[PDB]
Structure formats: structure tokens, C-alpha cells
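Since the structure comes first, as C-alpha cells, the remarks are kept for the end.
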Amino acid sequence: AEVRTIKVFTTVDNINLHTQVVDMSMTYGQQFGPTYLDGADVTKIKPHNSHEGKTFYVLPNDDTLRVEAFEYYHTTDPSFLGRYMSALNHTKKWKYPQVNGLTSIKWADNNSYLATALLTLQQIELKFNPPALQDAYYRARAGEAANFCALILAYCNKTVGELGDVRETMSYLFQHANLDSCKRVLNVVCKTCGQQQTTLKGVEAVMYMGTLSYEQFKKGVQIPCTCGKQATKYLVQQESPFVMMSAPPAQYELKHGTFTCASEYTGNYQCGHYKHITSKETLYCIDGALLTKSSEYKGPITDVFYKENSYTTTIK
Ligand SMILES: Cc1ccc(N)cc1C(=O)N[C@H](C)c1cccc2ccccc12
Ligand SMILES: [Zn+2]
Ligand SMILES: [Zn+2]
Ligand SMILES: [Zn+2]
């Protein structure tokens, strides 16, 4: 027969585009392997007449594409582009209204934890290492958070509709973020074992679970040791742009100006709903696209984010 063709660009990072010309009789998958058009798995679709001139994502099918894929994503998972494109299929259809000067997400596909995670990220000082994450991190702040949410799902190994934790989401996100000007020096005192200090760097430096009160963490908290005496572990040195305090959900009161932002969890284990409290001239309860404000807050808090720059204790 006769061969018809159109001109289309393929890419893995949407920065370096490689030009291709494809037979319109054969499907995309035969010519490139799996192929996507803005999240549409067009692997089994023959090229159309309107497709000419557009840009499609392909898998890293040669080392030039593999290197470009790493330099933008810092991942070598062959599934990453497919998982990212599957997430982008749903996130591009979500709505991202500007609530209280922050880019929130209107509820859909069980994105409650992603919304309060998105709002939290807009208030803490964080540098993402993958250029895909930073670029999309940037574009979320401007109001276009479709790719950022899709990459968050991709990097956290979560899928659309699947339920997840904000505390476990931020942990994954902190792995893929530059936290090296970050150091926590814990010191533990036991009546029998004696005294020993630890130096935590990276994710463990900014995260702790057991109590929401960062002031209480400064006084000291109770932990066991090799014998069974509840020892006192207290913060000594903290150098990080922020700290995340966590604890299983319980009634907790928040005050005007004493914190940065919080995570509200209501309901059963896993089957609950997330809401975001942020500390402003007053307290704001951002629930997806919904917004209510109050001067006091006592409710089911599980994560509290505090601003820090550098801290050294006065406890001898
Ligand atoms: C939404 C979700 C998805 C996956 C996983 N693994 C957990 C959760 C989740 O609900 N976590 C919350 C915050 C939670 C944490 C710690 C103790 C809790 C006890 C009771 C109820 C909730 C508790
Ligand atoms: Zn190679
Ligand atoms: Zn959906
Ligand atoms: Zn001991």
C-alpha cells in the first residue's frame, strides 16, 4: 500500500524534544512502545490528523532517553512514566481553587490528604531535588497543580483513589528533597544506662512522632531503653527551616500565632477525612474548596508544622 505520515515530537521530560514522523496506519505502541498524550494512554491508537505538531510522552527506550529521564526525575523505574501519566489523567481533571491565597484542591478521587499536603507544602521552606518536582512545585504555587499532584502520587507509589497518610506522604516527599542543612541532636537520659546523645540528619531531623507539642519535645518526652525505665528524651540542637510533629489523632487545641499549619483527621483508621488548619491573623480551616475561620481551635489534630531556623537548648 501507500504510507501516510505526520510529524510529532516525543519526549520523556518535556524539555528535550526529539522529532519523529509516524506511519498513520500503525499504532503508536508499535513505533515507540507505550506512548501518552497528556495522560491519555494512546499506545493502541493510530495517529490522527490533528495529532501532527503535538508532543507525546514515551518510555526511555534508549540510553539518551534514560539519561534525560533521570536528569529530570531522578528515577530509573521503567514504570514511573506510566504511573505518572496514569495519575496525570485524573489530576488534570481536578479543580485547584485559590483558597485563602493558597492553592487548594476541590475534592475528587479521595484527594483529601493530597490537598492538605499541597497546602502544607506551600507554607514550609523546601527544595525538591528532582527538577520535575521543583518545576511542578513552582507551577502549583501559581495555581496549576495538576502535574505536582500527579508527581506526588508517582513518587509516593500511591495511585488515584487510593487512601493515604499525610505524615507518610510528607516522609516520602522529604526523601526527594534537599534536607542536608538539617541536623537534630537528641539527648536521652536514663536512670540506669546513663546519658547518650544522637545526631539525626535528613528526614529524621525534621520529623518526630509521639507528641504534637514542639514545646513539649523541648521539655522532654518519655521513651523506654534497654531495661524498661521510661527515659527522658529532649531536643538539644535543631537547625532546619521547619519541623513536623505528629501523633495519633486526638483532641488538641491550636492558638493564634503559635504554629504554622496543622492536619485535622476525622473518622476511622484509613476511612477518615483530612482538613487543613493554617495559622494567620486568625485560624483558617481549609477543607478542599471550603473555607471557615475561627479564633480558637480544639479538635482532632494529628500533624502540626512549626517554623524553626536554629535552636539550642538552655537545659544543662
Ligand atoms: C489515611 C491512612 C492511610 C494509610 C495509613 N497507613 C494510615 C492512614 C491514617 O488514617 N492515618 C492516621 C493519620 C492515623 C495515624 C496514626 C494512628 C491512627 C490511629 C487511628 C486512626 C488514624 C491514625
Ligand atoms: Zn545508560
Ligand atoms: Zn478520577
Ligand atoms: Zn536505660
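Some observations on this one:
- Tally, over region 1-52, of residues that are exposed (fewer than 13 other Cβ atoms within 10 Å of the Cβ) and either in the same structural domain as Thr91 (by CATH) or among the aromatic types (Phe, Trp, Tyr) (or both): 0
- Test: residue in region 182-196 that is small (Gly, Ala, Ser), away from ligand 2 (no atom under 16 Å from the Cβ), without any contact (Cβ under 8 Å) to a residue 40 or more places away in the chain and surrounded by fewer than 17 Cβ atoms within 10 Å (Cβ to Cβ): yes
- Every residue from region 300-316 that is part of a strand (DSSP E or B) and under 16 Å from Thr260 (Cα atoms): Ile301, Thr302, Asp303, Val304, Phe305, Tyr306, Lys307
- Counting only residues that are touching a residue at least 24 places away in the same chain (Cβ under 8 Å), surrounded by 11 or more Cβ atoms within 10 Å (Cβ to Cβ) and in a loop (DSSP other than H, G, I, E, B), region 264-281 holds 1 of them.
- Any hit, region 185-207, residues being within 16 Å of ligand 1 (Cβ to nearest atom), under 30 Å from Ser79 (Cβ atoms) and assigned by CATH to the domain that holds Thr302: yes
- Scanning region 113-133 for residues that are in contact (Cβ under 8 Å) with a residue 60 or more places away in the chain and more than 19 Å from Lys280 (Cβ to Cβ), we see that the one that is farthest from the chain's Cα centre (by Cα) is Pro131.
Please note: Cβ atoms are built from the backbone with ideal geometry, for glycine as well, and neighbour counts cover all protein chains shown. Numbers and lists here come from the model and the stated rules, or from a named source; these are not laboratory values.
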